[PDB]
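J.: Sharing entry-v1.pdb, PDB, C-alpha atoms:
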```pdb
ATOM      1  CA  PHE A 103      -5.287  -2.743  10.316  1.00  0.00           C
ATOM      2  CA  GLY A 104      -2.117  -4.073  11.883  1.00  0.00           C
ATOM      3  CA  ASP A 105       1.465  -5.173  11.344  1.00  0.00           C
ATOM      4  CA  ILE A 106       2.700  -8.663  10.480  1.00  0.00           C
ATOM      5  CA  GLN A 107       5.565 -10.526  12.159  1.00  0.00           C
ATOM      6  CA  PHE A 108       7.236 -13.913  11.861  1.00  0.00           C
ATOM      7  CA  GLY A 115       5.611  -5.351   7.706  1.00  0.00           C
ATOM      8  CA  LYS A 116       2.346  -3.431   7.503  1.00  0.00           C
ATOM      9  CA  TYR A 117      -0.703  -5.139   5.974  1.00  0.00           C
ATOM     10  CA  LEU A 118      -4.287  -4.100   5.285  1.00  0.00           C
ATOM     11  CA  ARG A 119      -7.490  -5.831   4.229  1.00  0.00           C
ATOM     12  CA  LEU A 120      -8.778  -3.366   1.644  1.00  0.00           C
ATOM     13  CA  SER A 121     -11.975  -3.192  -0.394  1.00  0.00           C
ATOM     14  CA  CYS A 122     -12.012  -3.030  -4.173  1.00  0.00           C
ATOM     15  CA  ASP A 123     -14.644  -0.296  -3.799  1.00  0.00           C
ATOM     16  CA  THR A 124     -12.060   2.255  -2.641  1.00  0.00           C
ATOM     17  CA  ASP A 125     -10.398   4.850  -4.851  1.00  0.00           C
ATOM     18  CA  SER A 126      -6.711   5.474  -5.453  1.00  0.00           C
ATOM     19  CA  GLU A 127      -6.209   9.089  -4.377  1.00  0.00           C
ATOM     20  CA  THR A 128      -6.886   8.870  -0.641  1.00  0.00           C
ATOM     21  CA  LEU A 129      -4.893   5.625  -0.647  1.00  0.00           C
ATOM     22  CA  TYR A 130      -2.005   7.695  -1.988  1.00  0.00           C
ATOM     23  CA  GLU A 131      -2.617  10.339   0.683  1.00  0.00           C
ATOM     24  CA  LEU A 132      -2.662   7.594   3.333  1.00  0.00           C
ATOM     25  CA  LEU A 133       0.554   6.008   2.126  1.00  0.00           C
ATOM     26  CA  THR A 134       2.467   9.257   1.585  1.00  0.00           C
ATOM     27  CA  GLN A 135       1.265  11.389   4.506  1.00  0.00           C
ATOM     28  CA  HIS A 136       1.143   8.754   7.247  1.00  0.00           C
ATOM     29  CA  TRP A 137       3.703   6.346   5.785  1.00  0.00           C
ATOM     30  CA  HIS A 138       6.937   6.979   3.816  1.00  0.00           C
ATOM     31  CA  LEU A 139       7.901   9.426   1.069  1.00  0.00           C
ATOM     32  CA  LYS A 140       7.248   9.819  -2.655  1.00  0.00           C
ATOM     33  CA  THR A 141       8.750   8.346  -5.840  1.00  0.00           C
ATOM     34  CA  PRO A 142      10.870   9.437  -8.788  1.00  0.00           C
ATOM     35  CA  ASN A 143      10.231   5.976 -10.292  1.00  0.00           C
ATOM     36  CA  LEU A 144       7.935   2.964  -9.926  1.00  0.00           C
ATOM     37  CA  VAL A 145       8.463  -0.610 -11.138  1.00  0.00           C
ATOM     38  CA  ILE A 146       5.779  -3.236 -11.815  1.00  0.00           C
ATOM     39  CA  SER A 147       6.497  -6.977 -11.897  1.00  0.00           C
ATOM     40  CA  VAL A 148       3.629  -9.313 -12.791  1.00  0.00           C
ATOM     41  CA  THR A 149       3.696 -12.996 -11.802  1.00  0.00           C
ATOM     42  CA  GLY A 150       1.841 -14.897  -9.062  1.00  0.00           C
ATOM     43  CA  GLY A 151       0.366 -17.845 -10.907  1.00  0.00           C
ATOM     44  CA  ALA A 152       3.849 -19.407 -10.847  1.00  0.00           C
ATOM     45  CA  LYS A 153       3.460 -21.778  -7.928  1.00  0.00           C
TER      46      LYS A 153
END
```
Could you render the structure as structure tokens?

T.:
Amino acid sequence: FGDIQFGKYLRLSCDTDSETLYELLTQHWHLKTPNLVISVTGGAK
């Protein structure tokens, strides 16, 4: 847990589910979505 400075980050297991993550990020953090965009890169050093 904690914020980043030079921005909230989290070290998260792959064992966790997706529904209580959604409850965490909508109920504690900001609001919902009418849309959601996915962009896939990362190997491009």

J.: To one decimal in Å, tell me the separation between atom CA of residue A:144 and atom CA of residue A:131.

T.: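 Atom CA of residue A:131 lies 16.7 Å from atom CA of residue A:144.
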
J.: Rounded to one decimal in Å, what is the spacing between atom CA of residue A:143 and atom CA of residue A:126?

T.: 17.6 Å

J.: Please indicate the distance in Å from atom CA of residue A:137 to atom CA of residue A:107, rounded to one decimal place.

T.: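 Going from atom CA of residue A:137 over to atom CA of residue A:107 covers 18.1 Å.
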
J.: Please return the centre and edge lengths, in Å to one decimal, of a box with edges along x, y and z that contains all listed atoms of stretch 118-132 of chain A, widened by 8 Å on every side, as AutoDock Vina command-line options.

T.:
```
--center_x -8.3 --center_y 2.3 --center_z -0.1 --size_x 28.6 --size_y 32.2 --size_z 26.7
```
